[PDB]
Amino acid sequence: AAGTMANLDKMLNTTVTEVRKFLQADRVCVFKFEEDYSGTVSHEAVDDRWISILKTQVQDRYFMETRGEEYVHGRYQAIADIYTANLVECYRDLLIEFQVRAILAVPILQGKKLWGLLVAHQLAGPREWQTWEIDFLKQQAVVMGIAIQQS
Amino acid sequence: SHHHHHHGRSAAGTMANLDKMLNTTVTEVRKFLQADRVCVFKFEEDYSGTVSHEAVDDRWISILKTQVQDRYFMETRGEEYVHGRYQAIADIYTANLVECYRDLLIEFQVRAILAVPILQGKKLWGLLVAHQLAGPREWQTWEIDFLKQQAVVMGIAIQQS
Amino acid sequence: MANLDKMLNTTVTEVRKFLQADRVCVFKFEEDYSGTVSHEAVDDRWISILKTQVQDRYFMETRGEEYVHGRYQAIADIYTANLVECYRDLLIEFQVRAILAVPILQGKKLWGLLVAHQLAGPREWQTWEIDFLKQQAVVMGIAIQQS
Amino acid sequence: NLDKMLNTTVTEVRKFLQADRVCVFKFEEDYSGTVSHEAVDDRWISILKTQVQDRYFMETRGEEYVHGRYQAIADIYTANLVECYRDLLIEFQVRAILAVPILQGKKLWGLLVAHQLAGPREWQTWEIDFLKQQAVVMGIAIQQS
Ligand SMILES: *C(=C)[C@@H]1/C(=C/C2=NC(=C\c3[nH]c(/C=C4\NC(=O)C(C=C)=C4C)c(C)c3CCC(=O)O)/C(CCC(=O)O)=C2C)NC(=O)[C@@H]1C
Ligand SMILES: *C(=C)[C@@H]1/C(=C/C2=NC(=C\c3[nH]c(/C=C4\NC(=O)C(C=C)=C4C)c(C)c3CCC(=O)O)/C(CCC(=O)O)=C2C)NC(=O)[C@@H]1C
Ligand SMILES: *C(=C)[C@@H]1/C(=C/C2=NC(=C\c3[nH]c(/C=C4\NC(=O)C(C=C)=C4C)c(C)c3CCC(=O)O)/C(CCC(=O)O)=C2C)NC(=O)[C@@H]1C
Ligand SMILES: *C(=C)[C@@H]1/C(=C/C2=NC(=C\c3[nH]c(/C=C4\NC(=O)C(C=C)=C4C)c(C)c3CCC(=O)O)/C(CCC(=O)O)=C2C)NC(=O)[C@@H]1C
C-alpha cells in the first residue's frame with residue numbers, strides 16, 4: 001500500500017494540471033472536506049501570475065451546516081461573475097481574497113458521501129461556463145472519485 | 001416499413017399531448033409518494049409562473065391556474081435551479097424562510113414541500129413540486145433523487161413535444 | 001407493492017405512447033437470470049408476451065454483469081444484425097423487428113430490462129430516445145429500490 | 001494540443017492501473033484503425049502507428065460498442081476467440097486486454113485499451129468503470145477539439 005497515497009497524490013496533481021490547460025482556466029484545485037465539512041485546498045494547478053492557495057483551510061458556513069447534502073443530490077456552483085451573483089457577502093470576500101472572478105465547483109463523491117470539490121476559477125475576468133465544460137468538470141470529478149475510492 | 005417521426009404532430013389535437021402526459025405523471029407521482037399534492041409550476045419569460053398541472057387529494061383546495069410572481073425566481077431567473085438547487089422542507093412553519101414566501105405556502109395549505117427544477121435544454125422551464133398538506137413530512141434522500149429523476153424525464157418530454 | 005406495480009404499468013403504457021413503439025415491456029430477472037415479461041403495453045395488432053418466461057444463455061451465463069457496466073441493446077433490424085440464431089428465433093417469436101433494451105438497476109443488481117420493440121418494421125433508435133429510455137429505467141430503479 | 005493531452009492520459013492511466021500498455025486505437029471511415037497513442041513499458045514492443053483491419057469492427061462499424069459493449073479478457077489463451085484475433089493479440093505480446101469505446105457524439109471514434117503483457121490479469125469491476133469513465137472524458141476532449 002506504501003506508496004499508493006503518493007501515487008494518488010501524483011495522479012490528482014496531473015489531473016488538475018491537464019484540466020487547467022484544457023479549459024484554459026487560471027486555477028483548478030481540489031477542496032477536500034474534513035469530518036465537520038471544513039476543508040483544505042489539497043491539490044492546485046495555478047498559472048504562475050496568481051496567488052497559490054494550496055493548503056488554505058476554509059470553514060465555509062454553507063458546507064458546515066448542510067454537510068454537503070445538496071451537493072450529493074445534484075446541486076453545484078456555476079458563477080460567471082462573483083459580483084453579479086447574489087452571494088452572501090463573507091463568501092464573496094473569500095473568493096476575492098482568492099482573486100476569483102468566475103467559479104465552477106462540482107462534487108467529488110465516495111458512495112453517498114461528499115468527499116470534496118473539483119473547482120475551476122477564472123481570475124483574469126468573468127467567464128460564462130458552457131454546458132460542455134460543466135459536463136467535463138463533473139465527469140473528471142467522477143474519475144477522481146474512482147481513483148480516491150480504490151487507493 | 002421504416003419508422004418515421006411524423007407521429008401525427010400536424011394535428012391541432014396534439015397540442016394537449018404534452019399537457020396529457022404531464023397530468024398523468026403528476027397523478028402517478030402523487031399516488032406513488034402518497035403526497036397530498038403534486039404539481040408543475042411553469043415559468044413565463046420574466047420568471048413569474050402559473051400552476052399549469054396539478055394532482056391533489058379532493059379534500060384540499062385546488063391551486064391549478066394560480067399565478068405567482070416569486071421574487072427569488074424573478075430576481076435570479078432560476079440560475080441556481082439551472083445548476084441543481086432544489087427545496088426540501090419537512091415543516092414550513094419551523095423553517096427559516098422569508099415570511100411572504102411562508103404565507104404563499106400557507107395559502108396552499110402546505111406543511112412540507114419538495115420542489116425540483118425542470119429544464120428545457122439550458123433553460124429553467126418549471127418546477128416539479130410535491131406538497132404534504134395534512135402535516136409535516138421528513139423527505140427521504142431517495143424521494144429527493146426520485147423527484148429529480150422524474151423532472152429529468154419530464155424535461156426530455158417537453159423538449160421532444 | 002400494488003402502488004409500485006401500478007406505477008410500472010402506467011410507465012410502460014406512457015413510454016409506449018410517447019415513443020410510438022409497438023410494445024414496451026419490463027423483463028424481470030429471477031435469481032438464475034432467467035426472466036419474465038412482468039409488465040407490458042402492446043398494440044392489440046400484435047401478440048401479448050406478458051408472463052412469457054425466457055431462459056436466455058447470454059443473461060444466464062453473464063448474470064447481466066456487462067449491463068451493470070453500461071452495455072445495452074439497440075438493434076434497428078434483427079434480420080440484418082449478427083445475432084446468435086436461438087436469440088434471433090426468440091425475437092422472431094415475439095414479432096420483433098427492432099429492439100432497444102436498457103438495464104433497470106436496484107443498487108448494483110441488474111433487476112431487469114426496460115424494453116421497446118418495433119414490430120411493424122425496422123427502426124433506427126435516435127440518441128435522444130436511447131437517453132430517454134435509460135432515464136426512465138433510472139426512475140423505475142429508484143422506485144423498485146424503495147418498495 | 002489534443003495529441004499531447006491523449007499521450008498524457010494513456011501515460012497516467014498506465015501508471016495508475018499498473019498496466020504494461022495503455023493505448024488509443026483510432027478508427028478510419030471503414031472502421032479500420034491505427035494505434036494513434038501508446039504508453040508502453042520499454043520491456044515490450046511499441047505498437048504505435050500499427051494499422052489494423054479488424055473484421056468484427058469493419059463488418060459491424062462497431063455498433064455494439066456505440067451501445068456500451070466492451071472487452072475484458074483475463075487470459076487471451078483461455079478465452080473463446082477467433083484464432084486470427086487471438087493471433088493479432090499474440091503479435092502484440094498481449095496476455096490480458098481491457099478495451100472500452102471512445103465516442104465522438106454518437107459515433108464510435110476509437111477504443112481506449114489496457115494490455116497486461118507480463119502475465120494474465122483478472123480485470124476488476126472498478127477498473128472496467130475507471131477505463132470507461134476515462135473514455136467519457138477523452139470523448140468530450142476529442143469533440144471540443
Ligand atoms: C460567511 C459566513 C462565509 C461563508 C459562509 C457561506 N459560504 C457559502 C457558500 C459556498 N462556499 C463554497 C466553497 C469554496 N469555493 C471555492 O473555490 C473554494 C476554494 C477552492 C471553497 C472553499 C462554495 C462552492 C459555495 C457555494 C455553495 C452553493 O452552491 O451554495 C454560503 C451560501 C451561498 C452564498 O450565498 O454564498 C454561506 C452563507 N463561507 C466562508 O468562508 C465565510 C466564513
Ligand atoms: C414575497 C415577496 C413572496 C415571494 C418571494 C420569494 N420566493 C422565494 C423562494 C421560492 N419560491 C418558490 C416557488 C414555489 N413553491 C411552490 O410550491 C410553488 C407553487 C407550486 C411556487 C411557485 C420556491 C420553490 C422557493 C425556494 C427557493 C430556494 O431558496 O430554493 C423567496 C426566498 C426563499 C426563502 O428564503 O424563503 C422569496 C423572498 N413569492 C411570492 O409570491 C410573494 C410575493
Ligand atoms: C440460445 C441459447 C437462446 C438464448 C441465448 C442468448 N441470448 C442472447 C442475448 C440477449 N437476450 C436478451 C433478452 C431479451 N430481449 C427481449 O425482448 C426480451 C423480452 C422482452 C428478453 C428477455 C437481450 C436484451 C440480449 C442482448 C444482450 C446483448 O447486448 O448481447 C445471446 C448473445 C447475444 C447475441 O445474439 O449475439 C445468446 C447466446 N436465448 C434464448 O431464449 C435461447 C435459449
Ligand atoms: C481476423 C480476420 C482478424 C481480425 C478480425 C476480428 N476482430 C475481432 C474483434 C475485436 N477486434 C478488436 C480490436 C483490437 N484490440 C486491440 O488491442 C487493438 C489494438 C490496440 C485492436 C485494433 C477488439 C477489442 C475485438 C473484440 C470485440 C468483441 O468484444 O468481441 C473478431 C471477433 C471477436 C471475437 O473473437 O469474438 C474478428 C473475427 N482482426 C484482425 O486484424 C485479423 C485480420
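Chain A is the first sequence line, chain B the second, and so forth, proteins listed ahead of strands; every chain is numbered from 1.
Residue C:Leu133 does not touch chain B at all, counting heavy-atom pairs closer than 4.5 Å. In this structure, chain B has no heavy atom under 4.5 Å from any part of C:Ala98. At a 4.5 Å heavy-atom cutoff, the contact between C:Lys6 and chain B is made by backbone and side-chain atoms alike. Contact annotation for C:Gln126: only side-chain heavy atoms (C-beta onward) come within less than 4.5 Å of a heavy atom of chain B. With a 4.5 angstrom heavy-atom cutoff, C:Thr11 does not touch chain B via any of its atoms.
Rounded to the nearest 0.5 angstrom, B:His2 NE2 and C:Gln118 CD are separated by 11.0 Å.
Using a 4.5 Å heavy-atom cut-off against chain C, no residue of residues 38-58 of chain B qualifies as contacting.
Looking at heavy atoms from C-beta onward, C:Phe18 lies in side-chain contact with B:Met21 at the 4.5 angstrom threshold. Within the 4.5 Å cutoff, no side-chain heavy atoms of C:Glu124 are placed close to those of B:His3. Residues B:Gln160 and C:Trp128 form a side-chain contact, since some pair of their non-hydrogen atoms from C-beta on lies under 4.5 Å apart. Proximity of C:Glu129 to B:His5: side-chain heavy atoms (C-beta onward) are separated by under 4.5 Å at one or more points.
Side chain of C:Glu14 to main chain of B:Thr24: no donor-acceptor pair is present (N/O by atom type, distance under 3.5 Å, no hydrogens or angles). With hydrogens and angles disregarded, a donor-acceptor distance shorter than 3.5 Å links the side chain of B:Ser1 to the backbone of C:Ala120.
Side-chain polar atoms of C:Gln20 and B:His6 form no donor-acceptor pair below 3.5 angstrom.
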